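Colleague: There's a structure below that I have some questions on.
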Amino acid sequence: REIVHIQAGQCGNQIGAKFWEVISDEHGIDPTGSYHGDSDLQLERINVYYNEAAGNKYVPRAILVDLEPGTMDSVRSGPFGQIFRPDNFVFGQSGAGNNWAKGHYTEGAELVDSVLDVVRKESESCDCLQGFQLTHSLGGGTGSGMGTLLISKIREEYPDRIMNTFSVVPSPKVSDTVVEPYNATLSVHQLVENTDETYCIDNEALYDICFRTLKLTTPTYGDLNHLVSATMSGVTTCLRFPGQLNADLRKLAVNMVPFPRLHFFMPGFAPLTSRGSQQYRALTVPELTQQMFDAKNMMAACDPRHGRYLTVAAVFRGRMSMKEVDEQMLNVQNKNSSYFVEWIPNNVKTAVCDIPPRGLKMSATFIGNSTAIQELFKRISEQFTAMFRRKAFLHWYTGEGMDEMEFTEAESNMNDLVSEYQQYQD
Amino acid sequence: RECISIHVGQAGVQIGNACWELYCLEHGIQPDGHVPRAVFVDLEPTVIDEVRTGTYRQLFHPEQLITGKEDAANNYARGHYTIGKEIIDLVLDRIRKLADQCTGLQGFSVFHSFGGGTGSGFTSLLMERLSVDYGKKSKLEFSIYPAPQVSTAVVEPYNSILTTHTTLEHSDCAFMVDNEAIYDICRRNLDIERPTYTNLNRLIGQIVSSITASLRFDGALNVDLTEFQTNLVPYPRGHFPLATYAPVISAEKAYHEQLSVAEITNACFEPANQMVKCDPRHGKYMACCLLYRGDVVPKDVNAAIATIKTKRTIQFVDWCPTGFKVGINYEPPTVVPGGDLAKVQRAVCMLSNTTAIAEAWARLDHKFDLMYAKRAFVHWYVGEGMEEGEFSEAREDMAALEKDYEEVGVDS
Amino acid sequence: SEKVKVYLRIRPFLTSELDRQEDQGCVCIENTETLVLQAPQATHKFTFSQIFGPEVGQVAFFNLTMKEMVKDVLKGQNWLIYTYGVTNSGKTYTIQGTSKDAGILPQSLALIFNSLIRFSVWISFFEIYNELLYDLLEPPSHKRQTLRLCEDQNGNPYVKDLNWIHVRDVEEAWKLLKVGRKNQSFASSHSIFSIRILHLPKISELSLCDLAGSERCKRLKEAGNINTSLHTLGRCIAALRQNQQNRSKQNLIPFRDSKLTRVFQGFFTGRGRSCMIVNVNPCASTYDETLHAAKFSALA
Ligand SMILES: CC(=O)O[C@H]1C(=O)[C@@]2(C)[C@H]([C@H](OC(=O)c3ccccc3)[C@]3(O)C[C@H](OC(=O)[C@H](O)[C@@H](NC(=O)c4ccccc4)c4ccccc4)C(C)=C1C3(C)C)[C@]1(OC(C)=O)CO[C@@H]1C[C@@H]2O
Ligand SMILES: Nc1nc2c(ncn2[C@@H]2O[C@H](COP(=O)(O)OP(=O)(O)OP(=O)(O)O)[C@@H](O)[C@H]2O)c(=O)[nH]1
Ligand SMILES: Nc1ncnc2c1ncn2[C@@H]1O[C@H](COP(=O)(O)OP(=O)(O)NP(=O)(O)O)[C@@H](O)[C@H]1O
Ligand SMILES: Nc1nc2c(ncn2[C@@H]2O[C@H](COP(=O)(O)OP(=O)(O)O)[C@@H](O)[C@H]2O)c(=O)[nH]1
Ligand SMILES: [Mg+2]
């Protein structure tokens, strides 16, 4: 059940550095150390993300692709930056400009060939590979552009494998990039046409959660990304170990994606409280459901109330009663039946892992595919056409090699998804 | 004489190990002792490895432990077309070696969960080869029925309906147990709010032990495996009889213990204790096998059966003048030293097929149609190598079962 | 709306099949538009539009079905003819045929070129193997080719980086097909012949499709991949039916599902009229495949 992890762009690089900074403790592996885990059950599943090398040195099978050498270098000279092998370092010292076309056609394609060689080597390692996890930005050049081509080629090479993408969408309230909507519409195009699973993470969403739920007066990127790197563990690592009810990407996709349109899922975290102040330890069963199914606990700007739940995944981890979990789920599906879909008897596919997140007793990862994400699409598309009508920043793409019709096509397929989402919403 | 068990799917392996744990417990065999005639088959590597690290690690041979290193998922299509045809040959190979090992075998004891991936697709193609290469053998499967309301998977009916579609023309008799009903028994009778999966397996295994294990032992009135189907399924269809256990008293709160034959027998006709959600709404009893194990008097059984027949409340089929199979074992009902059973000196195992099965199937049938109307996650099946014909034709085929019970039953 | 014309054709019984077994025709030809189905028994009625028996020659199929298309090319409208049906039903025989009796495709060229004030025609022939588009006109045999479908402001899908050739006579296009048949690969390749005539301008593009059949008897995921393509095709056609019926039904179509349905978007729902060709086999053992195609076509 081995999987390869790929970091694309500044956003992907930064998040990847945090992910491998968290999962390292989950598996119990030091930067260049061996298995220093507390338990020994974690060792039996280290082959999912690590490649057996010098015995002591467990090398993570992650491919980091960036156009900004400085950005990638800051990771290499950081905490868990030496843990990666130089062979997996795909840096493109070319025109690192925030432009989808530039990072796809111009300076993108040239580096893609080099990336393909590395990824093909990582996939053809040992045993049987399951899929390819990717982390990128939606309003960037390397993240939205290069990453998009990476997935396009990967799905072409291994259509038998699944793809799980983690993408941070453009902040609706305060966009971090000027040409953000321009890159977003283009990146989301290849996403729906290529990847099978995708999790959306909002900028201000993390801010709000780290403000109301968590008492963090200064939620820097290192703080926000940390939370994101905790959700992915429940979707990946947590689904690698044994439990009362095991699940995986196959189990998830088949019980989450109702159509061949990918569908964007919204992530959440059950054990979300402060350090000592909120140390109530209220993590039995109903408290988790109350947290996971919270309109202000979603890592996305779109709230669950602005739509209906198409399919929900419950990835629990720790010792608990199966009957208690499922019983509580029924309660939620009954109380919130109005927006829990009426064309599917059971929309929640329960799953319970037998191992908690180290220093945590009770935990659960929330994965919900709801039509509420439709609001996000309409929001991004709105901003796109607003500037596309004027073609203000069009020349930045035209000079690279971007078709006029390409831009309109990306939006037309995106709008297509919005239209179909509503069909299942009613 | 002997019977080979085939546990397919996660639940199949879990229940199989728990069932066999009880099997050797009463046999008086320790972890490191004979060779069990059973194999574990699952595409999920983590499930099979549980027996390789947990209890009875040195009791089973690696040859009896088929393990896939790929992904099974929860889709019938995968375990039937995609990866199913990759391990099936190896599975058949092992069960064939075991079949030849035993001199004059009776049949196979299948164990699986209707709601799953390996427990659905794998079972379907496995039984397919069994009915062709071992048509002269008794095919008795123990199918775990998904909960009517507390479903475990979203594509639950999608996998279950297809499994029973093909297996209906393969297995001679399939003993179905309701997942949710086990919880009911643990709540009302066992009186516990902590009914773990492993706790459910304790009850199901207790039934199997009395259906095969003790019944294979020289008692007072043994019932052969062939006799089972001969007196359970009056039609050449894979009908599904219920599994009821009389002693459901918990060894803690209630402590009657000394219960007469009349009471134990009467405790197998109540909806509160049937191990199935097929409540006696209007279901007529066509064939009921009563396996008594322990200190029981034949005359006491005859009297208990007679009084029930004249109860009238328990309506039998019009064309069924006498539908009671009397089974008498000399081996008492053993109980796990650390379980939740009170341990009685006599147990009654009731296994009967009623028209109530149609009601249960109708619920799942509707569940399939509901999602099928919009196809739902059909792509996760079609892309595996299944056409609409594997769904539409199955839909009609399974629908014939609702009509089957409707004709076999109800009509005078 | 227009309706996709529906045509059914059954394979004839030769001395070979007669020698092997009865091979009784389960499908009876009732009227030129409908069919009575008695399959050893099952009763069903096929209401297509046009149906020809095993007696008619290969030219006969083209004479009625393909002739109406030849007229539309002059009209300026695009047309797509796709041959669908069970395995080894003779679809390739009906579409290509032989030198003596040419199929709908070769005969189409004969009539269209005969019909063709200056006229111009572009010829394109390619094979789609494993969802890969391979040009039969230029390359020798089975490399990834660099082409995508872009969607213009008109909403019409266009395949980019396609090969185009100018042909004077019909034999020139026929010769190109010979090359395509020679370079052709097969499954364990979709052959699509595209003909675009310029009326001088009004341009009409025609395309022929003939599904090769891979049925498993008891590459990478070739079975599952296409299985999905046929699945979306069936669902898309179903949506096309309800939306064309015109009570008031706006349903979104799963065109994005597979690349196949995506590429043929312009032919079905876009600028172009299409014809449905259903070739079936009278054999009783083949009824399994027939049952699906029957239900798919006729509504029971
Ligand atoms: C004394 C004690 O019990 O401390 C707890 C703690 O106080 C709390 C507040 C932790 C704490 O988490 C945060 O404050 C936090 C900071 C940035 C972003 C997100 C969260 C904690 O830092 C996080 C830490 O989490 C873990 O150890 C998990 O294994 C977690 N690990 C990481 O995220 C990680 C952090 C640094 C380095 C490597 C990994 C994990 C979760 C899911 C999947 C895999 C791993 C825990 C329980 C605590 C501290 C240490 C204070 C909480 O978070 C988690 C993810 O458990 C925040 O609300 C929960 C509730 C916990 O009780
Ligand atoms: N009684 C009981 N029911 C169980 C147990 N484990 C799972 N189930 C039930 O069986 C179904 C779960 O099947 P899965 O575990 O998803 O799948 P599987 O049948 O093992 O096969 P795959 O889908 O390929 O993994 C649900 O309805 C669960 O409620 C168990 O230990 N005991
Ligand atoms: N009308 C016909 N007269 C004589 N031979 C025919 C006729 N129809 C089909 N055949 C022959 O029967 C076989 C079916 O041919 P084709 O090869 O036409 O099948 P499909 O194209 O039906 N098969 P497939 O592509 O594998 O799915 C070939 O050997 C044909 O030459
Ligand atoms: N959560 C999160 N977002 C980030 C990080 N870095 C950049 N972003 C977001 O990514 C977008 C900018 O794209 P960027 O990553 O610079 O693109 P690229 O580097 O050219 O591929 C903005 O919306 C930022 O909020 C990060 O470390 N964590
Ligand atoms: Mg399993």
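If you're wondering about the labels, chains in the structure tokens are A, B, ... by order shown, residues count from 1 in each chain, ligands from 1 in order shown.
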Pick out the residues no farther than 8 Å from ligand 5, counting only C-alpha atoms and all ligand atoms, and list them as a list in words.
Modeller: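 Sorted by chain and then by number, the residues are residues 245, 246 and 247 of chain A; 9, 10, 11, 42, 43, 44, 46, 47, 72, 73, 74, 116, 117 and 118 of chain B.
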Colleague: Could you list, as a VMD selection string, every residue of chain C that has an atom within 12 Å of an atom of chain B, counting only C-alpha atoms?
Modeller: chain C and resid 214 to 216 218 220 to 235 238 to 239 251 254 257 to 258 287 to 296
Colleague: Please save C-alpha atoms of the selected residues as a PDB file, in the first residue's frame.
Modeller:
ATOM      1  CA  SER C 214     -12.653  -7.436 -26.883  1.00  0.00           C
ATOM      2  CA  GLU C 215     -14.792  -9.867 -25.012  1.00  0.00           C
ATOM      3  CA  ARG C 216     -13.070 -11.893 -22.391  1.00  0.00           C
ATOM      4  CA  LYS C 218     -12.863 -17.564 -19.605  1.00  0.00           C
ATOM      5  CA  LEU C 220      -2.899  -2.505 -19.082  1.00  0.00           C
ATOM      6  CA  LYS C 221      -6.505  -2.374 -17.836  1.00  0.00           C
ATOM      7  CA  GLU C 222      -7.711  -2.274 -21.429  1.00  0.00           C
ATOM      8  CA  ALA C 223     -10.838  -4.165 -20.435  1.00  0.00           C
ATOM      9  CA  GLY C 224     -11.779  -1.954 -17.519  1.00  0.00           C
ATOM     10  CA  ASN C 225     -10.839   1.299 -19.249  1.00  0.00           C
ATOM     11  CA  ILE C 226     -13.081   0.777 -22.293  1.00  0.00           C
ATOM     12  CA  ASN C 227     -15.746  -0.879 -20.156  1.00  0.00           C
ATOM     13  CA  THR C 228     -16.052   2.570 -18.636  1.00  0.00           C
ATOM     14  CA  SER C 229     -16.198   4.198 -22.092  1.00  0.00           C
ATOM     15  CA  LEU C 230     -19.129   1.992 -23.131  1.00  0.00           C
ATOM     16  CA  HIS C 231     -20.776   2.672 -19.773  1.00  0.00           C
ATOM     17  CA  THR C 232     -20.625   6.450 -20.212  1.00  0.00           C
ATOM     18  CA  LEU C 233     -21.687   6.072 -23.846  1.00  0.00           C
ATOM     19  CA  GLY C 234     -24.785   4.208 -22.720  1.00  0.00           C
ATOM     20  CA  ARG C 235     -25.585   6.741 -20.014  1.00  0.00           C
ATOM     21  CA  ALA C 238     -29.882   7.762 -22.338  1.00  0.00           C
ATOM     22  CA  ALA C 239     -29.588  11.418 -21.327  1.00  0.00           C
ATOM     23  CA  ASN C 251     -30.258  17.034 -17.567  1.00  0.00           C
ATOM     24  CA  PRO C 254     -21.719  12.788 -18.200  1.00  0.00           C
ATOM     25  CA  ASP C 257     -16.744  10.973 -17.824  1.00  0.00           C
ATOM     26  CA  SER C 258     -14.616   9.357 -20.535  1.00  0.00           C
ATOM     27  CA  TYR C 287     -27.443 -13.671 -26.519  1.00  0.00           C
ATOM     28  CA  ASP C 288     -25.606 -12.491 -23.408  1.00  0.00           C
ATOM     29  CA  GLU C 289     -23.985  -9.642 -25.317  1.00  0.00           C
ATOM     30  CA  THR C 290     -27.163  -9.165 -27.347  1.00  0.00           C
ATOM     31  CA  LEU C 291     -29.309  -8.783 -24.211  1.00  0.00           C
ATOM     32  CA  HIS C 292     -27.340  -5.678 -23.265  1.00  0.00           C
ATOM     33  CA  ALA C 293     -27.320  -4.105 -26.737  1.00  0.00           C
ATOM     34  CA  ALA C 294     -31.019  -4.910 -27.107  1.00  0.00           C
ATOM     35  CA  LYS C 295     -32.037  -3.223 -23.839  1.00  0.00           C
ATOM     36  CA  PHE C 296     -29.671  -0.347 -24.556  1.00  0.00           C
TER      37      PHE C 296
END
Colleague: Only residues of chain A matter here; which ones have an atom within 12 Å of chain C, counting only C-alpha atoms? Give them as a JSON list (two decimals) with N, CA, C and O atoms, in the first residue's frame.
Modeller:
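What landed in part.json:
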[["chain", "number", "residue", "atom", "x", "y", "z"],
["A", 153, "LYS", "N", 0.70, 13.89, -16.48],
["A", 153, "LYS", "CA", 1.61, 12.87, -16.98],
["A", 153, "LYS", "C", 1.52, 11.59, -16.15],
["A", 153, "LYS", "O", 1.59, 10.49, -16.68],
["A", 156, "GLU", "N", -1.40, 9.52, -16.92],
["A", 156, "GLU", "CA", -1.20, 8.98, -18.26],
["A", 156, "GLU", "C", -0.32, 7.73, -18.18],
["A", 156, "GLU", "O", -0.51, 6.77, -18.91],
["A", 157, "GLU", "N", 0.63, 7.76, -17.25],
["A", 157, "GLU", "CA", 1.56, 6.66, -17.06],
["A", 157, "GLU", "C", 0.94, 5.54, -16.25],
["A", 157, "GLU", "O", 0.98, 4.37, -16.65],
["A", 158, "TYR", "N", 0.36, 5.89, -15.11],
["A", 158, "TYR", "CA", -0.26, 4.90, -14.23],
["A", 158, "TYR", "C", -1.74, 5.20, -13.99],
["A", 158, "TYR", "O", -2.09, 5.79, -12.97],
["A", 159, "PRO", "N", -2.62, 4.81, -14.91],
["A", 159, "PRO", "CA", -4.06, 5.03, -14.78],
["A", 159, "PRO", "C", -4.68, 4.02, -13.81],
["A", 159, "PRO", "O", -5.83, 4.15, -13.39],
["A", 160, "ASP", "N", -3.88, 3.02, -13.46],
["A", 160, "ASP", "CA", -4.32, 1.97, -12.55],
["A", 160, "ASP", "C", -4.22, 2.43, -11.10],
["A", 160, "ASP", "O", -4.81, 1.83, -10.21],
["A", 161, "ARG", "N", -3.49, 3.52, -10.88],
["A", 161, "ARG", "CA", -3.30, 4.05, -9.54],
["A", 161, "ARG", "C", -4.19, 5.26, -9.31],
["A", 161, "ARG", "O", -4.66, 5.88, -10.27],
["A", 189, "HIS", "N", -8.74, 23.07, -13.66],
["A", 189, "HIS", "CA", -9.13, 22.41, -14.89],
["A", 189, "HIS", "C", -8.47, 21.04, -15.00],
["A", 189, "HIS", "O", -9.15, 20.02, -15.13],
["A", 192, "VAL", "N", -9.63, 18.41, -12.07],
["A", 192, "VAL", "CA", -10.85, 17.63, -12.28],
["A", 192, "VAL", "C", -10.71, 16.64, -13.45],
["A", 192, "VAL", "O", -11.37, 15.61, -13.48],
["A", 193, "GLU", "N", -9.88, 16.97, -14.45],
["A", 193, "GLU", "CA", -9.63, 16.13, -15.59],
["A", 193, "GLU", "C", -8.59, 15.04, -15.31],
["A", 193, "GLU", "O", -8.32, 14.22, -16.19],
["A", 194, "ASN", "N", -7.90, 15.02, -14.14],
["A", 194, "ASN", "CA", -6.78, 14.12, -13.89],
["A", 194, "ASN", "C", -6.87, 13.37, -12.57],
["A", 194, "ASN", "O", -7.02, 12.15, -12.55],
["A", 196, "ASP", "N", -8.17, 11.96, -8.86],
["A", 196, "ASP", "CA", -9.40, 11.30, -8.44],
["A", 196, "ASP", "C", -9.91, 11.89, -7.14],
["A", 196, "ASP", "O", -11.12, 12.00, -6.94],
["A", 258, "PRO", "N", -18.99, 10.05, -6.04],
["A", 258, "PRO", "CA", -20.19, 9.46, -6.63],
["A", 258, "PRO", "C", -20.23, 9.49, -8.16],
["A", 258, "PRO", "O", -21.04, 8.80, -8.77],
["A", 259, "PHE", "N", -19.36, 10.29, -8.78],
["A", 259, "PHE", "CA", -19.33, 10.39, -10.24],
["A", 259, "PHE", "C", -17.90, 10.57, -10.73],
["A", 259, "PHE", "O", -17.00, 10.79, -9.93],
["A", 260, "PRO", "N", -17.64, 10.47, -12.05],
["A", 260, "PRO", "CA", -16.29, 10.65, -12.60],
["A", 260, "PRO", "C", -15.95, 12.12, -12.78],
["A", 260, "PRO", "O", -15.42, 12.54, -13.82],
["A", 261, "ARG", "N", -16.27, 12.92, -11.77],
["A", 261, "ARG", "CA", -16.00, 14.35, -11.82],
["A", 261, "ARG", "C", -15.07, 14.77, -10.68],
["A", 261, "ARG", "O", -15.03, 15.94, -10.31],
["A", 262, "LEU", "N", -14.35, 13.79, -10.14],
["A", 262, "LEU", "CA", -13.41, 14.03, -9.04],
["A", 262, "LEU", "C", -14.11, 14.38, -7.72],
["A", 262, "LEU", "O", -14.11, 13.57, -6.79],
["A", 403, "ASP", "N", -3.07, 29.96, -25.11],
["A", 403, "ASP", "CA", -4.14, 30.12, -26.06],
["A", 403, "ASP", "C", -5.21, 30.97, -25.43],
["A", 403, "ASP", "O", -5.51, 30.83, -24.25],
["A", 404, "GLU", "N", -5.84, 31.86, -26.23],
["A", 404, "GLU", "CA", -6.98, 32.63, -25.74],
["A", 404, "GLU", "C", -8.14, 31.70, -25.40],
["A", 404, "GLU", "O", -8.78, 31.84, -24.36],
["A", 405, "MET", "N", -8.37, 30.74, -26.28],
["A", 405, "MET", "CA", -9.45, 29.77, -26.12],
["A", 405, "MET", "C", -9.21, 28.86, -24.91],
["A", 405, "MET", "O", -10.16, 28.38, -24.29],
["A", 406, "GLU", "N", -7.93, 28.62, -24.55],
["A", 406, "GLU", "CA", -7.58, 27.78, -23.42],
["A", 406, "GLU", "C", -8.17, 28.33, -22.16],
["A", 406, "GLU", "O", -8.74, 27.59, -21.36],
["A", 407, "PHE", "N", -8.05, 29.65, -21.94],
["A", 407, "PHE", "CA", -8.55, 30.30, -20.73],
["A", 407, "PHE", "C", -10.06, 30.09, -20.61],
["A", 407, "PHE", "O", -10.56, 29.67, -19.56],
["A", 408, "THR", "N", -10.77, 30.37, -21.69],
["A", 408, "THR", "CA", -12.22, 30.23, -21.71],
["A", 408, "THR", "C", -12.64, 28.77, -21.52],
["A", 408, "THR", "O", -13.67, 28.48, -20.92],
["A", 409, "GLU", "N", -11.83, 27.82, -22.06],
["A", 409, "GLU", "CA", -12.12, 26.41, -21.93],
["A", 409, "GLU", "C", -11.99, 25.96, -20.50],
["A", 409, "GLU", "O", -12.84, 25.23, -20.00],
["A", 410, "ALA", "N", -10.94, 26.41, -19.79],
["A", 410, "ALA", "CA", -10.72, 26.05, -18.39],
["A", 410, "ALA", "C", -11.93, 26.46, -17.55],
["A", 410, "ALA", "O", -12.37, 25.72, -16.68],
["A", 411, "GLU", "N", -12.46, 27.65, -17.83],
["A", 411, "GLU", "CA", -13.61, 28.15, -17.10],
["A", 411, "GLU", "C", -14.86, 27.35, -17.46],
["A", 411, "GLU", "O", -15.66, 27.02, -16.58],
["A", 412, "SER", "N", -15.05, 26.97, -18.74],
["A", 412, "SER", "CA", -16.23, 26.26, -19.20],
["A", 412, "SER", "C", -16.34, 24.86, -18.62],
["A", 412, "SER", "O", -17.40, 24.26, -18.45],
["A", 413, "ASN", "N", -15.20, 24.21, -18.41],
["A", 413, "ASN", "CA", -15.22, 22.91, -17.75],
["A", 413, "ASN", "C", -15.45, 23.07, -16.25],
["A", 413, "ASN", "O", -16.10, 22.24, -15.61],
["A", 414, "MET", "N", -14.94, 24.16, -15.70],
["A", 414, "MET", "CA", -15.10, 24.46, -14.28],
["A", 414, "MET", "C", -16.57, 24.75, -13.98],
["A", 414, "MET", "O", -17.13, 24.24, -13.01],
["A", 415, "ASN", "N", -17.18, 25.55, -14.84],
["A", 415, "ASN", "CA", -18.59, 25.92, -14.70],
["A", 415, "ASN", "C", -19.48, 24.69, -14.88],
["A", 415, "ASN", "O", -20.54, 24.59, -14.27],
["A", 416, "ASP", "N", -19.02, 23.75, -15.72],
["A", 416, "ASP", "CA", -19.67, 22.51, -16.03],
["A", 416, "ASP", "C", -19.87, 21.76, -14.74],
["A", 416, "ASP", "O", -20.96, 21.27, -14.44],
["A", 417, "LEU", "N", -18.79, 21.68, -13.94],
["A", 417, "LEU", "CA", -18.77, 20.97, -12.67],
["A", 417, "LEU", "C", -19.75, 21.62, -11.70],
["A", 417, "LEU", "O", -20.46, 20.94, -10.96],
["A", 418, "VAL", "N", -19.80, 22.96, -11.73],
["A", 418, "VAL", "CA", -20.70, 23.72, -10.87],
["A", 418, "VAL", "C", -22.15, 23.39, -11.20],
["A", 418, "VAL", "O", -22.99, 23.24, -10.31],
["A", 419, "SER", "N", -22.44, 23.28, -12.49],
["A", 419, "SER", "CA", -23.79, 22.97, -12.95],
["A", 419, "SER", "C", -24.21, 21.57, -12.53],
["A", 419, "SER", "O", -25.31, 21.36, -12.02],
["A", 420, "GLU", "N", -23.32, 20.60, -12.73],
["A", 420, "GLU", "CA", -23.63, 19.21, -12.38],
["A", 420, "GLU", "C", -23.73, 19.02, -10.86],
["A", 420, "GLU", "O", -24.53, 18.20, -10.40],
["A", 421, "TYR", "N", -22.93, 19.77, -10.11],
["A", 421, "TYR", "CA", -22.95, 19.69, -8.65],
["A", 421, "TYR", "C", -24.34, 20.05, -8.13],
["A", 421, "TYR", "O", -24.84, 19.46, -7.17],
["A", 422, "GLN", "N", -24.97, 21.01, -8.79],
["A", 422, "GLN", "CA", -26.30, 21.47, -8.41],
["A", 422, "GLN", "C", -27.37, 20.43, -8.74],
["A", 422, "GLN", "O", -28.39, 20.35, -8.05],
["A", 423, "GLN", "N", -27.13, 19.63, -9.77],
["A", 423, "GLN", "CA", -28.07, 18.59, -10.17],
["A", 423, "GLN", "C", -28.22, 17.58, -9.04],
["A", 423, "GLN", "O", -29.32, 17.11, -8.74],
["A", 424, "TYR", "N", -27.11, 17.27, -8.40],
["A", 424, "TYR", "CA", -27.09, 16.30, -7.30],
["A", 424, "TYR", "C", -27.41, 16.98, -5.98],
["A", 424, "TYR", "O", -27.67, 16.32, -4.97]]
Colleague: Step by step, measure atom-to-atom distances between ligand 1 and each residue using only C-alpha atoms and all ligand atoms, keep those at most 9 Å, then write them as a PyMOL selection string.
Modeller: chain A and resi 18-26+206+210+213-216+219+222-235+237-238+269-281+356-361+363-365
Colleague: Identify, with DSSP run on backbone atoms, the residues in region 256-385 of chain B assigned to alpha helix (DSSP H), and express the list as a PyMOL selection string.
Modeller: chain B and resi 261-266+298-309+357-372+379-382
Colleague: Could I get the residues of chain A with an atom no further than 7 Å from an atom of chain B, each paired with its nearest atom pair and that distance in Å to one decimal, using only C-alpha atoms, sorted by chain and residue number, as CSV?
Modeller:
residue,atom,partner,partner_atom,distance
A:1,CA,B:70,CA,6.6
A:128,CA,B:70,CA,6.4
A:242,CA,B:46,CA,6.4
A:250,CA,B:73,CA,5.1
A:251,CA,B:73,CA,4.7
A:254,CA,B:380,CA,6.0
A:255,CA,B:154,CA,5.9
A:257,CA,B:377,CA,6.9
A:258,CA,B:377,CA,4.6
A:259,CA,B:377,CA,6.2
A:321,CA,B:196,CA,6.2
A:322,CA,B:196,CA,6.4
A:323,CA,B:195,CA,7.0
A:326,CA,B:150,CA,6.8
A:343,CA,B:371,CA,6.4
A:344,CA,B:371,CA,6.1
A:345,CA,B:367,CA,6.8
A:346,CA,B:154,CA,5.5
A:347,CA,B:154,CA,5.9
A:348,CA,B:154,CA,6.7
A:349,CA,B:153,CA,4.9
A:350,CA,B:152,CA,6.3
Colleague: Rounded to one decimal place, report the CA of residue 87 (chain C)-CA of residue 159 (chain C) distance in Å.
Modeller: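 Between CA of residue 87 (chain C) and CA of residue 159 (chain C) the gap is 28.8 Å.
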Colleague: Could you give me, as a tab-separated table, every chain A residue with an atom at most 9 Å from ligand 4, plus its closest atom pair and distance in Å to one decimal, counting only C-alpha atoms and all ligand atoms, rows ordered by chain then number?
Modeller:
residue	atom	partner	partner_atom_place_in_ligand_line	distance
A:8	CA	ligand 4	21 (O)	6.7
A:9	CA	ligand 4	21 (O)	3.4
A:10	CA	ligand 4	19 (O)	3.2
A:11	CA	ligand 4	15 (O)	3.5
A:12	CA	ligand 4	15 (O)	6.7
A:13	CA	ligand 4	27 (O)	7.5
A:14	CA	ligand 4	27 (O)	4.3
A:15	CA	ligand 4	27 (O)	5.3
A:16	CA	ligand 4	27 (O)	8.7
A:17	CA	ligand 4	27 (O)	8.8
A:18	CA	ligand 4	27 (O)	8.4
A:66	CA	ligand 4	21 (O)	7.2
A:67	CA	ligand 4	20 (O)	7.5
A:68	CA	ligand 4	19 (O)	7.4
A:71	CA	ligand 4	19 (O)	8.2
A:96	CA	ligand 4	20 (O)	6.8
A:97	CA	ligand 4	20 (O)	6.3
A:98	CA	ligand 4	20 (O)	4.5
A:99	CA	ligand 4	20 (O)	7.2
A:100	CA	ligand 4	20 (O)	8.6
A:103	CA	ligand 4	20 (O)	8.2
A:136	CA	ligand 4	21 (O)	7.0
A:137	CA	ligand 4	10 (O)	5.0
A:138	CA	ligand 4	11 (C)	6.6
A:139	CA	ligand 4	13 (O)	4.9
A:140	CA	ligand 4	17 (O)	3.1
A:141	CA	ligand 4	20 (O)	3.7
A:142	CA	ligand 4	21 (O)	3.5
A:143	CA	ligand 4	21 (O)	3.7
A:144	CA	ligand 4	21 (O)	6.3
A:145	CA	ligand 4	21 (O)	7.6
A:146	CA	ligand 4	21 (O)	8.0
A:147	CA	ligand 4	21 (O)	8.5
A:167	CA	ligand 4	1 (N)	9.0
A:168	CA	ligand 4	3 (N)	6.2
A:169	CA	ligand 4	23 (O)	6.6
A:170	CA	ligand 4	23 (O)	4.9
A:171	CA	ligand 4	23 (O)	6.0
A:174	CA	ligand 4	23 (O)	9.0
A:175	CA	ligand 4	23 (O)	6.4
A:176	CA	ligand 4	23 (O)	4.7
A:177	CA	ligand 4	22 (C)	6.0
A:180	CA	ligand 4	23 (O)	7.4
A:201	CA	ligand 4	1 (N)	7.4
A:202	CA	ligand 4	1 (N)	7.6
A:203	CA	ligand 4	25 (O)	5.7
A:204	CA	ligand 4	25 (O)	8.8
A:206	CA	ligand 4	1 (N)	7.9
A:220	CA	ligand 4	28 (N)	8.7
A:221	CA	ligand 4	28 (N)	5.0
A:222	CA	ligand 4	27 (O)	6.6
A:223	CA	ligand 4	28 (N)	8.7
A:224	CA	ligand 4	1 (N)	5.8
A:225	CA	ligand 4	1 (N)	5.0
A:226	CA	ligand 4	1 (N)	8.8
A:228	CA	ligand 4	1 (N)	7.5
